[PDB]
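What follows is a set of notes on a single structure, which appears directly below.
All of the numbers you see were taken from the coordinates with simple rules; none came from a lab. Positions of Cβ are generated from backbone atoms using ideal geometry, with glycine treated the same way; all protein chains shown enter the neighbour counts.
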Amino acid sequence: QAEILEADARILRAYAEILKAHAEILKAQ
Amino acid sequence: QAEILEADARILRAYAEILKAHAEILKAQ
Amino acid sequence: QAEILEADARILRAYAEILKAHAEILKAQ
Amino acid sequence: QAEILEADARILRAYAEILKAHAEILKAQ
Amino acid sequence: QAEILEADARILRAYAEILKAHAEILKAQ
Amino acid sequence: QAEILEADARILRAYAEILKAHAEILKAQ
Amino acid sequence: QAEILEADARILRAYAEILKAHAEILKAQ
Amino acid sequence: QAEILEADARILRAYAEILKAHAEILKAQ
Amino acid sequence: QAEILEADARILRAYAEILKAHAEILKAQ
Amino acid sequence: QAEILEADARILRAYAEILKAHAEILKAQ
Amino acid sequence: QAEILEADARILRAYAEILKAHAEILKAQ
Amino acid sequence: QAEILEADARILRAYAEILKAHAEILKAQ
Amino acid sequence: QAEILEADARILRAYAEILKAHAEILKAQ
Amino acid sequence: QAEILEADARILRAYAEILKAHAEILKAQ
Amino acid sequence: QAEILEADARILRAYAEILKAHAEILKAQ
Amino acid sequence: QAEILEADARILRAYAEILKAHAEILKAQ
Amino acid sequence: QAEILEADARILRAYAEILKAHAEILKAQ
Amino acid sequence: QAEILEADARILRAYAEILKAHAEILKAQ
Amino acid sequence: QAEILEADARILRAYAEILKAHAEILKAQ
Amino acid sequence: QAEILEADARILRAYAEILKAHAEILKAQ
Amino acid sequence: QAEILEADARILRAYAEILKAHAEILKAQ
Amino acid sequence: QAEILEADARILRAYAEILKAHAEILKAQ
Amino acid sequence: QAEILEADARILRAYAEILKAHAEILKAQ
Amino acid sequence: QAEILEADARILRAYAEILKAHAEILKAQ
Amino acid sequence: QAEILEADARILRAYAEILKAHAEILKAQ
Amino acid sequence: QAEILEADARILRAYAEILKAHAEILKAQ
Amino acid sequence: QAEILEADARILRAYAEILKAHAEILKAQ
Amino acid sequence: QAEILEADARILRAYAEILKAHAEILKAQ
Amino acid sequence: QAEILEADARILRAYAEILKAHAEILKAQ
Amino acid sequence: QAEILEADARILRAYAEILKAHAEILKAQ
Amino acid sequence: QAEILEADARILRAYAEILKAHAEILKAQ
Amino acid sequence: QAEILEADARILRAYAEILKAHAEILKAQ
Amino acid sequence: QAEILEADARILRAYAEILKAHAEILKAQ
Amino acid sequence: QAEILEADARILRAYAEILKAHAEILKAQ
Amino acid sequence: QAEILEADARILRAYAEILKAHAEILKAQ
Amino acid sequence: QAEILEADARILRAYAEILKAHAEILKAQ
Amino acid sequence: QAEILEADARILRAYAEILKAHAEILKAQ
Amino acid sequence: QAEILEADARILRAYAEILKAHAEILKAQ
Amino acid sequence: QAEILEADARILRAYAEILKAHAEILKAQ
Amino acid sequence: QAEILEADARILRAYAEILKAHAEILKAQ
Amino acid sequence: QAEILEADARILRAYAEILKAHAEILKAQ
Amino acid sequence: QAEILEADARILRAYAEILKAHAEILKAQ
Amino acid sequence: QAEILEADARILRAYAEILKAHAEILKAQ
Amino acid sequence: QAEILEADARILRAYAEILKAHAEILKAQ
Amino acid sequence: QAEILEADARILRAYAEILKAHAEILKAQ
Amino acid sequence: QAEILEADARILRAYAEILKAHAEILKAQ
Amino acid sequence: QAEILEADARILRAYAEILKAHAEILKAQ
Amino acid sequence: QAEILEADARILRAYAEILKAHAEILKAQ
Amino acid sequence: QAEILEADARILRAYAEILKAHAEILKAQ
Amino acid sequence: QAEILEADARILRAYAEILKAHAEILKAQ
Amino acid sequence: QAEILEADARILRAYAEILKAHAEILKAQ
Amino acid sequence: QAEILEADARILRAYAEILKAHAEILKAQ
Amino acid sequence: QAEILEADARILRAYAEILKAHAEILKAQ
């Protein structure tokens, strides 16, 4: 099941990356 | 049933990959 | 009934493959 | 009734095969 | 009534065969 | 009434045979 | 009323025979 | 009224006979 | 009124006879 | 599971960054 | 887990900054 | 009593429907 | 009483329908 | 009373329909 | 009793439906 | 008893549906 | 018993649905 | 027993749903 | 036993849902 | 056993939900 | 075992919720 | 084990809540 | 372990509450 | 450890309460 | 007082209803 | 006062209804 | 007093209902 | 005041209705 | 006193109901 | 004021209706 | 102060209630 | 301040209620 | 601020209510 | 910001309501 | 962004409402 | 993106509404 | 993609609406 | 693919609408 | 395939619509 | 197959429409 | 088979339409 | 069989249409 | 049988149509 | 009002007399 | 905002004046 | 926004003036 | 956006001016 | 998008100017 | 797509200019 | 597809130019 | 199919050019 | 079938060329 | 049948060639 938890970690990292990009571009705004 | 769990892991990895690509391209945007 | 579960595993693997191909091509996009 | 379940297994295998072929050709696309 | 169930099994086998042929020819496509 | 059920079994067998022939000829196609 | 049910059985047998002949000739086709 | 039901039985037997003859001749076809 | 019902029985018997003769001659055909 | 906690830390850092950018721009307002 | 607590500290600092900016602008009002 | 004669009329109309459909058959041939 | 004679009229009209359909048959031949 | 004579008229019209249909028969022959 | 004769009428109308559909078949050929 | 004859009528109407659908098939070809 | 014949009618209607859907398929091609 | 035949009817209706959906697929292409 | 066949019917309806959704996909493209 | 097949049906319905949501995605784009 | 497959179904429904919410996002943009 | 997969489902539903709220944000802007 | 993943789910739901309240803020402005 | 993450969740819910009350303030103005 | 006159009107309408029903009777004869 | 005059109008309409029903009676004779 | 006149109106309407039902009887004969 | 004149108009229309029904009576004789 | 007259009206309505049900009986025959 | 004149018009139309019905009467004689 | 204005609104609504009840009186007369 | 403006709106709606009730009075006269 | 503008809208709608009620008055006269 | 524009739209619709009610006034005169 | 454009559309529709109401005014004069 | 284009279409339709209302004005003059 | 093309079609239809309304203007002058 | 071609057809019909409206303009001048 | 050919036919009809509208233009000049 | 030939016929009729519209153009010049 | 021959007839009529339209062209020149 | 011969007749009439249109062409030149 | 002979007559008339059109051709040259 | 009560008492007595006469007649029948 | 309250005072004074004049003239009545 | 409130004050003053003039002239009436 | 609010202020001032002029002239009336 | 808002401001200013001119001339009236 | 928005801005500016010119000339009127 | 959007931009620019020229000449008028 | 889209782009460019030339010459007018 | 699509592309290119030449010559006009 | 489609392709190519030549010569014009 550890694979499922790794997948969750990946999903959350990706979401954090989306949020960070949105933050940076909104700062550019 | 472990095969089902492996399939779930695969699905989530693929979704994470989609999200990562979308994040990178939105950063390129 | 294990055959049914194997069939489910196959279906999910195929769906994951579709998603992975779509992800790769969207990255190419 | 086990024959019915075998038939279901066959149907799902065939559907999985259709999906796999569609996935491969979409990757070729 | 078991004859009815056998008939159902036959019908589903035939449908699975149709689907398998369609899958193979679509792969040939 | 069992005669009615036998007739139903016959009908379904015949339909399955039609479907099997159509499947085989579509495979020949 | 059992005569009516016997008549129904006869009708369905005849229809099944028609279908079987059509199936065989379509296989010959 | 049983005479009416007997008449109905006769009608259906005759129709079944017509259908059987048509089936046999279509098989001869 | 039973006479009316007897007349109906007669009519249906006659119609069945017509149909039976037509069936036999079509079989002769 | 520590990976999950790291992901949470990342998410919260990103949210804090969004909030800080919004604060700075509202100060600019 | 200390990372989570640091993230909380960051969030609260950002909120305090928002509030301070709102206070200053309301004083300007 | 009127309802009884009404039912008789319905019987006769049904027989008329039989004959009319048979005529349509014979014309179609 | 009028309803009774009305029902009689309906009977006679039904018989007329019988005869008319029979005429249409004979014409079609 | 008028309704009663109306019903009588309907009876007679129905008989007229009988005769007219019979005439149409005889003409068709 | 009227209900019984009504049911008989329904039987006959159903047989008429059979014949009419068969005619439509034969026309379609 | 009327319910029994009603059920018979339903059987016959169902057979009519079978034949009519088969006709529609043959027309579509 | 009426319920049993009702169930038979349902079976036949279901078979009719099968045939009608198959016709719709063939038309769509 | 009626419940058993009802269940059979449900099976057949489900198969009809399969075929109808497949037809809708083929039309959409 | 009826419950078992009911469950089978549910399986088949679910497969129908799969196919119908796939059709809706293909139409949307 | 019926519960097991019920659970299988639930699995398949869930997969259908996946596909339907994906279709809605693709339409929204 | 049924509970295990039920849990799997819940997992899949949750993934469906993810996809549906993502679609709603994309529509809102 | 079922409880573990249930917990996983809860995790995924929570992530869905995150995404849905974010969508509501973006719509409100 | 299930309790740990439950706690994680609670964390994520709390973050969702944060985002939803922020959305409500932005709407109110 | 679960208690610790529970406490973290409580912290985050409290922050959510802060934001929600602030929104209610801003609406009231 | 308007209420009283309304009541009188209702009385008269009721008497009219009496006469109308009497006409119905007389016609039915 | 308009209410009173409306009530008078209703009285008169009721009397007219009486006369009309009386005409119905007289015609029916 | 209006209540009393209303009650009288109800009496008369009831008598009218009696006559109307009697007409129903007489017609049914 | 317009309401009062409307009421007068209604009175007159009612009287006209009286006369018209009287004409109906007289013609019926 | 209005209550008493209302009760009388109810008596009469009940008698009317008796007659109406009797008509139902007589028609059913 | 237009309402008042409309009411006058309605009065006059009502009087015209009176005269027209009177003409109907006189012709009927 | 908003409370005071709300109280004034309540006063006015109460006056409206008075006036409307007086209207209902005048209509009832 | 929005509360104050809402209170003003309530005042005006109450005045409207007064005026409309006065209208209903004047109509009723 | 949106709340303030909504309050203004409510003020204006209330004025419209006043004006429309005055219209209804003037019509009623 | 969309909320603000929606509020503006509401303002304008309210003005339209005012103007339309004034139209209805002027027509009523 | 689509929300913003929808808001603009609403603004324009509101202006159209204003203009159309002004038209209706001018016609009414 | 389709949503954005739909929004543009709505903008244009709103402009058309403006223009058509202006037409109706000019006609009314 | 079909959705995108449909959106384009809507754009063009909206332009047509604009142009036609302008035509109606020019005619009205 | 048929959907795509239908979309193209819609595009062309929209262009035709544009052109026809321009024709109507030019005629109106 | 018939669907595809129908789509082609629609394309051609749309082109015809374009051309005919252009004709109508040229005539109008 | 008849459907396919009908589709071909539609193609040809569409071409005829094109050609006829071109004729109408050339005449209009 | 008659359907197929009818389809052929339609093909030929369409060709005739083409040819006749070409004639009309050539005349128009 | 009459249907088949009618279809042949239609074929021949279509050929005649072709030939006559060719005649009209040749005349027009 | 008369139908068959009528069909033959139609065949011959169609041939006559062919021949006459050929005559008209030859005259036109 | 007691006069009204005596009147309806007379009415019911007369109706009872009619019923008794019809009863004695049907007894003589 | 005190100006709004003064306006309300004016409105209520004017309404009171209307009511006082109406009272005076109704006293004169 | 105070300008909007001043505008509302103006509107209400004007409406009060209209009402005062109407009151004065109704007193003159 | 303040420009929009100024425009609204202008619109309301203009409407107030229209109302004031109408009030003045109605006073002159 | 600010350009769109400026355009709206312009439109509303122009409409206000139209209204002001109409008010001025109606004052001149 | 910003080009489309600029085009819309242009259209609205032009419409505002038309309205301003119409306002100016109506002032000259 | 961006070419289509550029074409739309061109069309709207041209329409805006037409409108601007019409506005200029109407100002010259 | 991209060729079709390019063709549409060409058509729209040409139409825009026609419109631009017409605008230029109407400016020259 | 791609040949058909290429033919359509050719047709549309040719039509675009016609339109471009017409635009050029109308510019020369 | 592919031969028929090739023939259609040829026809459309030829028509496109005619149109291209006509466009070229109209450019020469």
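Stick to the Cα atoms of the protein assembly as shown, pair each with every other, and give me the Kirkwood hydrodynamic radius in Å at one decimal.
On the way: mean 1/r = 0.0238 Å⁻¹.
With all distinct Cα pairs of the protein assembly as shown included, I get 42.1 Å.
What's the center-to-center distance, using Cα atoms, between segment L:13-27 and chain AM in Å?
Segment L:13-27 and chain AM have Cα centres separated by 47 Å.
In whole Hz, what ³J(HN,Hα) sequence does segment AD:17-29 give by Karplus (6.51, -1.76, 1.60; θ = phi - 60°), x for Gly and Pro?
3J(HN,Hα) across segment AD:17-29, in whole Hz: 4, 4, 4, 5, 5, 4, 4, 4, 3, 4, 4, 4, 4.
Is there a pair in AE:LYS27/AS:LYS27; AJ:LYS27/AN:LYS20; W:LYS27/AI:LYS27; AT:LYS27/AV:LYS27 whose C-alpha atoms are over 30 Å apart, and which pairs would that be?
From AE:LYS27/AS:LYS27; AJ:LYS27/AN:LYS20; W:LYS27/AI:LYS27; AT:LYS27/AV:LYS27, over 30 Å: AJ:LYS27/AN:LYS20; W:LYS27/AI:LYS27.
With r as the distance between the Cβ atoms of C:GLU24 and AC:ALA14 and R0 = 51 Å, compute the FRET efficiency 1/(1 + (r/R0)^6) and round to 0.05.
0.05
Could you work out [θ]222 nm for the protein assembly as shown from helices alone, using -39500 (n - 2.57) per DSSP H run of at least four and dividing by all its residues? Round to the nearest 500 deg cm²/dmol.
-33500 deg cm²/dmol
Using the count of nearby Cβ atoms within 10 Å as a rough guide to exposure, how do T:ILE25, AH:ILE4 rank from fewest to most?
Details: T:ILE25 19, AH:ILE4 15.
Lowest count first: AH:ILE4, T:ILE25.
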